[PDB]
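Colleague: First to last, the protein sequences are chains A, B, C and D. Note that the numbering used here gives residue 213 to position 213 of the first sequence, counting from 1, and the numbers run on in steps of one. Count along the second sequence from 1, then add 625; that gives the number in the numbering used here. Count along the third sequence from 1, then add 1250; that gives the number in the numbering used here. Count along the fourth sequence from 1, then add 1572; that gives the number in the numbering used here. A virtual CB, placed ideally from N, CA and C, is assigned to each residue, including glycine. Structure provided below as structure tokens; questions to follow.
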Amino acid sequence: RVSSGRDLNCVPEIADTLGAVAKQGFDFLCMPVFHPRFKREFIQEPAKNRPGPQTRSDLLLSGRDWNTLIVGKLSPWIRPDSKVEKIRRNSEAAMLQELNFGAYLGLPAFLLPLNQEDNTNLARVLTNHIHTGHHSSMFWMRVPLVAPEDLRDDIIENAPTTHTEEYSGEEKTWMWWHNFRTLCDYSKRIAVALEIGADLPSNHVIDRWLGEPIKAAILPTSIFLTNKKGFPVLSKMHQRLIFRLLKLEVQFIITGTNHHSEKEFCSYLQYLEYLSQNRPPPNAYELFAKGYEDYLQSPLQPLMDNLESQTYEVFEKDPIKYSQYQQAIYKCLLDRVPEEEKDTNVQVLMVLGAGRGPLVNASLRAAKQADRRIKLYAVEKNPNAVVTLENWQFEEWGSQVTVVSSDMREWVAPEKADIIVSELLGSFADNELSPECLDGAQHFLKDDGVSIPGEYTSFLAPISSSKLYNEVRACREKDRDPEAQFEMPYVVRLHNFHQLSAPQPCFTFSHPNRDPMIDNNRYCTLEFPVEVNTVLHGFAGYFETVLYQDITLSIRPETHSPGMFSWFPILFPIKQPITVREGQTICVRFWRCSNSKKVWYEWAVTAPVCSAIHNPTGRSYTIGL
Amino acid sequence: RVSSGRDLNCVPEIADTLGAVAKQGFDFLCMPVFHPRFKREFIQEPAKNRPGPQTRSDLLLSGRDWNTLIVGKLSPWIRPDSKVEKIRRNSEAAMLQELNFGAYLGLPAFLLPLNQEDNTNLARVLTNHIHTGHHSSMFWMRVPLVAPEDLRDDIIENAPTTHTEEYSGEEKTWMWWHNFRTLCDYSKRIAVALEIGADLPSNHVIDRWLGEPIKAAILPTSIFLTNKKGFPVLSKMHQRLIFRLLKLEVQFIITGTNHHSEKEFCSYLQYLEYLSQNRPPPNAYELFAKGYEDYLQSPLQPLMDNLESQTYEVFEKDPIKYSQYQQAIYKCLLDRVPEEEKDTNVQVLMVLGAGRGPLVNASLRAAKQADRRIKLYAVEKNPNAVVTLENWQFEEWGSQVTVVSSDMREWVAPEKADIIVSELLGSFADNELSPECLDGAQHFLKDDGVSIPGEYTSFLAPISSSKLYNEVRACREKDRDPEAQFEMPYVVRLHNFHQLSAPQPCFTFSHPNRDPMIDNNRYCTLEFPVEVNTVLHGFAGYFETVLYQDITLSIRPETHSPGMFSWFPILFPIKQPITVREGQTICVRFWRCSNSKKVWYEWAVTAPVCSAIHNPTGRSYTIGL
Amino acid sequence: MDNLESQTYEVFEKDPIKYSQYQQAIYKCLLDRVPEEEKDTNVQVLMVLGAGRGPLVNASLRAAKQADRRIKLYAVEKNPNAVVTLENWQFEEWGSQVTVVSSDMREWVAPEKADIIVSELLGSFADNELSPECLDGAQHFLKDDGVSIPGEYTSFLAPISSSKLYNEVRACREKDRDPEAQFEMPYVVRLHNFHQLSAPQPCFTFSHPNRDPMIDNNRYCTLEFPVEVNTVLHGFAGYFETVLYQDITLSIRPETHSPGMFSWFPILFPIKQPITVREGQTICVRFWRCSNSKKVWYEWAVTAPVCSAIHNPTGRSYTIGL
Amino acid sequence: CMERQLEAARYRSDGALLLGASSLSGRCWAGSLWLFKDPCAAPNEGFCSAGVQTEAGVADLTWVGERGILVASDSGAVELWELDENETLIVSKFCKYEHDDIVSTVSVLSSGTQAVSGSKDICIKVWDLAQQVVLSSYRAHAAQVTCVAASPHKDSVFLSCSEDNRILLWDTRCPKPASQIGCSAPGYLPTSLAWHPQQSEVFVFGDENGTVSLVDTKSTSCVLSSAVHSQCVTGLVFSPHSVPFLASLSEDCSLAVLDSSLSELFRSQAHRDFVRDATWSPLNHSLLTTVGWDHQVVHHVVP
Ligand SMILES: Cn1cnc2ccc(-c3ccnc(NC[C@H](O)CN4CCc5ccccc5C4)c3)cc21
Ligand SMILES: Cn1cnc2ccc(-c3ccnc(NC[C@H](O)CN4CCc5ccccc5C4)c3)cc21
Ligand SMILES: Nc1ncnc2c1ncn2[C@@H]1O[C@H](C[C@@H](N)CC[C@H](N)C(=O)O)[C@@H](O)[C@H]1O
Ligand SMILES: Nc1ncnc2c1ncn2[C@@H]1O[C@H](C[C@@H](N)CC[C@H](N)C(=O)O)[C@@H](O)[C@H]1O
Ligand SMILES: Nc1ncnc2c1ncn2[C@@H]1O[C@H](C[C@@H](N)CC[C@H](N)C(=O)O)[C@@H](O)[C@H]1O
């Protein structure tokens, strides 16, 4: 089901109209709060002293109806950016007046147009309103894909519509929204009511709006086509946009009169409902992620903290990760012990970081699948999970499994391993110190021993997203650097965003690592070719890992392991957004750094302009050894 | 219905036991998370290397069961404050171990006893736990009304129980809780599980616990009596405490074995249910307030801000305030115009701050009740309510009511008033600038004109309440003085608190005020005789007002207008709690201060010790003119 | 975690008592370990752990041609900047009699074992520079009968009154941290405008070597300070004493203060809130020394005549980096 | 099958061995009772004479005469189990739920018809075993009761001790039955008690700090004392000899044997976990059997 409203600019009686539209199917109504034609004067007599009432009364609706059903509209004569001073001052005062009234009423949203380039003063007035008191309305800025001036009929003899295409020009309205939103300092209270036209502009004009805070999409009746049996429908290309807009999850708004006289207004609506009924069902991943879109998590401190029982519970339900591990253990066993040795050869297998035991069971299943014989150690530093483990090996595993309560960097192993098995991986691969952990453990792997994973690689992609930029900004805390929020990565199910270039490999680690001198520090330069205009707000990180041979796990979108929900992407913000133009290269630099106590990342953009170096010294973010 | 748990110290099988107690009626279960008798060693070999498992497994319950049904218990051998070093160190390590395990499990609460005077080290260990990571359990400290040493049978020949009563001594356990809670710096995560004994101590010992954060009350089976037909019941005096504890709203915990063999455990429970079924129903006030207990509000900025439509809505429903006003207007009319003048004399009545019109209607009802004739002005500064008003006088009132949109301090009145009517009052009477507002309006009241209200008086009482002290402390914001929270009053429905002395009048204002030189500033000294031991955390303010003659409104508890919910009490905190002893006097000083732009209060305690002067200069809190 | 600056070594190298006290300790130890008949046959291995710019290495050398006995010297130093001063010393002066070693004493693999380790790793509260942890990880290279100089140290506490210092602490509030952190860390301060409310009492004690079966450097201690005036408590002055060798000591405890020794001022441990104390009352204070593998810290609380909050729980405001 | 944590070991006059044990970890927290006519076959379950599961753990037990077993339960119950006619079953005679918390200690008074129990609920109770009722209930103590010990020869006299630091001498014949006793200055918490089996006037007590002390009731004064252990002293057991030796068990995992002036004659490190009980053979007076939480049953030879 879709959530949709009706946009009207004529309301003779409020009770009637609200009823009529509710009957038709609408969840809400966008209407004037003052009569659209009622120009008021605030300075010059006698007009200023116009006897009241200045509008209709709050008593006409319940408090609840106001809060849930009505979206305000700015009166169309209010022009804060007019070149006539008097109009500029009546508008300033009238915009305040209408905005104060919506707040009085408790309206949940309020519409204002960006229908021209210069909206400075509108922005200033609204900013000022936002910083006055404690009111709750969203502000939806009504912006079109295509400017009215670029949409007109070519029917003026001495003013032809300019034929030669301009890549920039056709993005003029994104820049209207961009400047406005910058002026108002990215207020989380200002979102987009994107107006869809009969002619879509080019892709690139529409993608432009990727990662913006679209709260609603406005559909004029006029853009609908007519089918065989006379019903309203949309072009194939319009449908594609409806689907992208449903995926984003926005509210639809029908505007204009009934241009299909044969049926009522609910017909338009029923088509939208038809469209959302008809989209693909949520896959397993999408169902897990459902509640988590653009929700920002501090990544786990994997060593200094102990995971909670319910955290092991949620991830033990991964339908792919463990069966992939089983298959890696399976293939490895065969490769190391020939059929003639099968009953003579007992492989020593160590699970390093055994949690509640799923990788120990997967090992066991791998052995009576390969039909080979294994001795198991289950090492775990978290003494709370060790309780689950030791209760497992008494009731089930038996002396085939030796449970070990300690850090893998610490354990004095009674024997050496044929195979070490671990999953110590975060969304940026090595961000849980898997390298440092497996390094200090490897002295007990036999000279020909295999590590599973054998290797992993992280990847980065630049992204656009005002929404996420604002989620980060909102993470400012008392009693720390006021900009620290921006100098740490976040595990996040990236949703309202645009990825600006394809992911490129960042850091790579191999196990075992018999480098003469082991160094886990890294420095890397990446150059991301960008072919759109946009604003950079951060870098999505992902990873890939080679478990064994051709058995892999991946959260890189292009090669994503299907069904695997165990890792969302990671986000590395930058303090200040950076404007990038069509055909420019974004250059970014990442360092992995350490000392004996901790590991951290530091990053900087070097083209098309420089950012500050982020997180120098792990000043805002370290990962505890 | 009551919410109650079972306390057990023996659990052979978890699934069985949980079921059994759920059957009996219990909402939750308090049990050991390790075997109570299982003393572990952490330093000396060989005991330290005891093969595991260290306890039973998380798998035995669902994640949800752990989170909602189980309250942990510290093992009774854990003695962090022992005089034997080795016991002190095993206990430190074992307390950590059990506390980490409860957090792993996601338990909602965890019990620890204060069963002796010195709990410093227990406090330190727990504080340290609280400041390690991000876990969610409440900690319930199990404290008795009466210490075990003061409860024993007098059956030791050469160690008699001391007969002569000590007012202090019998409060020894409050001081156990107090020191502990001070040590842990008032953590909002530490609350009281108060253990009720067969013999209650004196009132004064029990009142001591007034205003403390009691989350549960523990009832041993042993304290219950037996009735005619063999069922468990409690003494009259125990019932009184149950009622006070229900009113506070806590969770009950049954502890001990079945000492009424004739019936099952649900019998004890059914008595508690009987008790809460049998208490008085919520009066009208109590129903309005239901959701608001100890919830802190910033008071309204009455002049600089405009109230919202829903705010007028909620208070227009007051069943007493307006009918009291009507009755004042009624009596005044008769007193000013004799029966012979009745049809000849038309009284000019001005409603100053008319909101959505209820006091205008009450005036109108007062006129055709007195059967006298009136001309009405309805002045209102809030242009949004003016919309409601002007729609009222077109549809209903007619030219009998002249709606005026402006500030009463500003309006040039066409004629003078016989009677001004206003309700510009906050919970501390004059904290919405009613004095300043009526002062600047009075030039248009006739020389013999009446103001309704004629006068008002504020009142103060010192209070005890750790809960509220903690609610204030938690109001610290970024980007302002870290102690400002304490230098402003809060409108709050005071609930978990103890009032230490009876309210005493503070500031008084009269209208009209034809003082040759008007001064609204005030300075006042109050001396509050205290007869209990306690800790002072703030001053509850209240008020009384004389509408007309004997027609009053009041939120002073002793003279509270019944049913009137329009005002909760006000709270004036102090930065630092102050210890007061039996028989001491609390001295407090309040100033009302102003300049041309704002009004504020400044306060200081001067006995039994001084506090800092609060809010000097209106540095943290002013009321805008 | 930090390396001292050249001018910091400069100022303290001028102490007219500390080094001549060390010399005298090294002197007495040498005689006690090698008899007159062994004098020309016996060469004592002496290691200076934390050698700075070399004064304790020179004091050792003076101690040897005073005792007229023979020594082999290692000069270990973790601060590579002072190591420059040291290595320029052993080329121009000391010669192969002194082996300069650039590393942490907890890290160094020693070629031989020591007869005597010499160190001054002491702060104003004795062990507040991690001398225990440092000498613990070094002791595996002291011979079974080897002597540590210092042999032991003891910290001391006294409650104090001082509004001036209470206000100096309060004024140490910084942006971007807990607004009360100033009060949850100690300060090295030349206490001047203050009143000491009770006589200093011993707090923590450490011994070297420490062949405790299981080494534990954590500590918990309760002190009861009888007060005989009315006043307001604002903090605890800390001091220390150390046994270099036998009867050779250093001290900043006022009653037994080493004359002329300016190398250490007292330390101040504030409390967040002043506490009123009355004639004849007892002030009770509790200190803990705490650690993990990365850091060491102190936590403290007053328990009588009223309680304070526990200060610095978790090293939340103040740790000493390992 | 037998739970790992062995709590109690007592020889019957005929040489057969009664064993008590709890499950103090894992899924099920219960206990069991075992009879081993072959004492060298302990603790293999197949080679036992009798055996049964109890509802909850066993904190303490004691023989009642020759066939009765009196049990201190985690559940708050004191229970009496009866040995079979054949002595091949163990059958529940009574389970009485009278304590509000773990029953920690139990002892049979001289005439074998009454018993005293001690609890974490701070109470001490006197039982009629024939009647299966609580006769008396005493809240003398101010913290959990650690040990109750009947006198050898008088049904109304017994020792008790608590974490409230009181050692109490009791005599149910007096209006005020208990009387506080012990060393000059209050020392460390009393953790174990044993009357001298010959001089019915003297006892020993163990403390939380590993000291064993000798007390005259006459002198109300501590005669001798020795630091026997490096950890708490959980049990004290006199030998059945004319001049009795004293066995000392501890959480330091060791057993020691001391003479009447408390000098060390013997020490055994054999256990690798807490030593929970000692019992001297009625037959071979130099053979001493200890059990512990390592699930070891050790037979010692004492010079
Ligand atoms: C969606 N969701 C629901 N419960 C959650 C708990 C933690 C997290 C969480 C928080 C911070 N970082 C992450 N991601 C990186 C982790 O390495 C993911 N792995 C995935 C596999 C795994 C297995 C056992 C125990 C922990 C884990 C964690 C997840 C997400 C949760
Ligand atoms: C329980 N509740 C539900 N909605 C509320 C809105 C404001 C408040 C509120 C906030 C801050 N101070 C107050 N109390 C002092 C006010 O003077 C109460 N009067 C009571 C009468 C009245 C009549 C019309 C418009 C406003 C008012 C406000 C109330 C309480 C509310
Ligand atoms: N250095 C280390 N030594 C031992 N265990 C570790 C170390 N680092 C992390 N761990 C544990 O490794 C586990 C890593 C988890 N991602 C995997 C849990 C389990 N293997 C599973 O797949 O469900 C956690 O339980 C950590 O507590
Ligand atoms: N100086 C002022 N001039 C005019 N109106 C004011 C002034 N101060 C406060 N008010 C209005 O006075 C009203 C005060 C309300 N407490 C009463 C509302 C209404 N009389 C009622 O009882 O429901 C609010 O609507 C304020 O906006
Ligand atoms: N663990 C350590 N290993 C090596 N050197 C250390 C260690 N800890 C501290 N130091 C050095 O020890 C010296 C201590 C100073 N107080 C003494 C300097 C010199 N001994 C003098 O008396 O002037 C400093 O130079 C430190 O850098």
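State the beta-bridge partners of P1409 of chain C as determined by DSSP.
Modeller: Paired residues: C:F1486.
Colleague: Measure the beta-carbon distance from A193 of chain A to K229 of chain A and round it to whole angstroms, keeping in mind my assumption that it falls under 8 Å.
Modeller: That belief does not hold up - the Cβ atoms of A193 of chain A and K229 of chain A are roughly 32 Å apart, past 8 Å.
Colleague: Who are the Cβ neighbours of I1739 of chain D in its own chain at under 6 Å, not counting the five residues just before and after it?
Modeller: Cβ neighbours of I1739 of chain D beyond the five flanking positions: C1733, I1753, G1754, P1762.
Colleague: Are the beta-carbon atoms belonging to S1369 of chain C and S1405 of chain C less than 9 Å from one another?
Modeller: No; because the gap between Cβ atoms is not below 9 Å, this pair is not in contact.
Colleague: Report yes if the C-beta distance between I1570 of chain C and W1547 of chain C is below 9 Å; otherwise report no.
Modeller: In contact: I1570 of chain C and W1547 of chain C (Cβ atoms closer than 9 Å).
Colleague: Could you tell me which residues DSSP puts in a beta bridge with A604 of chain A?
Modeller: In the DSSP output, where bridge partners are listed per residue, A604 of chain A has A:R589.
Colleague: From the DSSP output, which residues share a beta bridge with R493 of chain A?
Modeller: DSSP output for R493 of chain A lists A:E293 as bridge partner(s).
Colleague: Taking Cβ positions only, does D810 of chain B come closer than 9 Å to chain A?
Modeller: Not closer than 9 Å to any Cβ of chain A, the Cβ of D810 of chain B fails to qualify, so no.
Colleague: Counting only beta-carbon atoms, is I695 of chain B nearer than 9 Å to chain D?
Modeller: Not an interface residue.
Colleague: Can a CB atom of chain B be found closer than 9 Å to the CB of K1692 of chain D?
Modeller: Yes, its Cβ sits closer than 9 Å to a Cβ of chain B.
Colleague: From what residue to what residue does the alpha helix (DSSP H) around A1850 of chain D run?
Modeller: Segment 1847-1852 is the beta strand (DSSP E) holding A1850 of chain D; no alpha helix (DSSP H) there.
Colleague: Tell me the rounded alpha-carbon separation between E165 of chain A and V580 of chain A.
Modeller: Distance between the alpha carbons of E165 of chain A and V580 of chain A is about 21 Å.
Colleague: Hey, how far is the Cα of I206 of chain A from the Cα of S1052 of chain B?
Modeller: Whole-angstrom Cα-Cα distance: 56 Å.
Colleague: Closer than 8 Å by beta-carbon distance: list the chain A residues that pair up with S934 of chain B, in chain order.
Modeller: Result: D58, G63, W66, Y104, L105, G106.
Colleague: Taking the beta carbon of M95 of chain A as the centre, do at least 16 other beta carbons fall within 10 Å, making it buried, or is it exposed?
Modeller: The residue in question, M95 of chain A, is buried, as its Cβ has 16 or more Cβ neighbours within 10 Å.
Colleague: Tell me the rounded alpha-carbon separation between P113 of chain A and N128 of chain A.
Modeller: Taking the straight line from one Cα to the other gives about 17 Å.
Colleague: For a test of your reading of the model: does the CB of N931 of chain B fall under 8 Å from any non-hydrogen atom of ligand 4? Yes or no.
Modeller: Yes, the beta carbon of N931 of chain B sits closer than 8 Å to at least one heavy atom of ligand 4.
Colleague: Return helix, strand or coil for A841 of chain B, following the three-state DSSP convention.
Modeller: Three-state result, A841 of chain B: strand.
Colleague: Whose CA, out of A:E313, A:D294, A:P616, A:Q326, lies closest to the CA of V472 of chain A?
Modeller: The shortest Cα separation from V472 of chain A among A:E313, A:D294, A:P616, A:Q326 belongs to A:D294.
Colleague: Rounded to a whole number of angstroms, what is the C-alpha to C-alpha distance between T1861 of chain D and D1462 of chain C?
Modeller: Rounded to whole angstroms, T1861 of chain D to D1462 of chain C spans 34 Å at the Cα level.
Colleague: Run down chain B in chain order and give the residues with a C-beta less than 9 Å from the C-beta of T1532 of chain C.
Modeller: Within 9 Å Cβ-Cβ: nothing; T1532 of chain C doesn't reach chain B, min ~14 Å.
Colleague: Measure the C-alpha to C-alpha separation of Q1067 of chain B and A991 of chain B and round it to an integer number of angstroms.
Modeller: Distance between the alpha carbons of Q1067 of chain B and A991 of chain B is about 23 Å.
Colleague: Using a Cβ cut-off of 9 Å (strictly closer), state whether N1095 of chain B contacts chain F.
Modeller: Within the model displayed, chain F is absent; protein chains A, B, C and D are what it includes.
Colleague: Quick one: list the residues of chain A neighbouring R1427 of chain C, beta-carbon separation under 8 Å, in chain order.
Modeller: By Cβ distance, chain A contributes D479, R480.
Colleague: Give the interface partners of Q679 of chain B over in chain D, defined as CB-CB distance under 8 Å, in chain order.
Modeller: Ordered by position in chain D, the residues that pass the 8 Å Cβ test against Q679 of chain B are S1597.
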